[PDB]
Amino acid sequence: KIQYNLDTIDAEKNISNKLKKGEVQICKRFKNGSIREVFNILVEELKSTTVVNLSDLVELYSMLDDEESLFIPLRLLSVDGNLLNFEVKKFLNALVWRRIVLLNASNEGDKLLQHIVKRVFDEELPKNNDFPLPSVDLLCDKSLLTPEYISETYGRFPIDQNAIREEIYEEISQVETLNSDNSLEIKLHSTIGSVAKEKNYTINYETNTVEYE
């Protein structure tokens, strides 16, 4: 199944142009090690004549350090997520939100999270498809790192796949620490609740999903 479309080609073009202009940059967390080599390899796929598959494009966006760059992959997964199998979409959604949570944790006040959640509603993402919300269960699901997922996703890179697994494990562990005393569950609930309150959407607590009213 072809894993790109006009939408993802536009998104690739935009991030390639920003990277060439130095307008976006890798987040300090991914500057060294095997995870850096992933970044480096994806940046060369960007520059190559071959179109970047949505899964690779989402991963690259998710390693950047600005609010717009982290929102774009939520949009891509919401709008173009039919390019992916459900397991890859789930893993990627958790990957992106985990990286937003970890970056948000870098300043007091939760502005990055608030800005991203607001934009999800401002671009009416749930209007066009029911939008999965982040949850601490999703974010800390270490069981999503199956050896099949990792071999499939990273197998073709000249990188130790187990070192990739361990770095993602580290992210999961760090997120778990942020949820001491349920602090992250609360801040997720409150942010989303607050942005959504008077907007034309209901939160379907059954499926932790946002639906258009």
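In case it trips you up, residue 1 is the first one in the sequence shown, and so on.
Of the two segments examined, 97-105 and 82-90, it is 82-90 that shows the higher average Cα temperature factor in the deposited entry.
Looking at mean Cα B-factors across 112-120 and 134-142, the upper value is held by 134-142.
Per the deposited record, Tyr149 carries the highest C-alpha B-factor of all listed residues (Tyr169, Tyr149, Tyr61, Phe39). In this PDB entry, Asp181 carries a Cα temperature factor that places it within the highest third of its chain's modelled residues. Ranked by C-alpha B-factor against the other modelled residues of its chain, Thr8 falls in the lowest third. The PDB entry assigns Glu67 a C-alpha temperature factor belonging to the middle third of its chain's modelled residues. Among the modelled residues of the chain, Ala196 sits in the highest third by CA temperature factor in this PDB entry.
Ranked by C-alpha B-factor against the other modelled residues of its chain, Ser173 falls in the lowest third.
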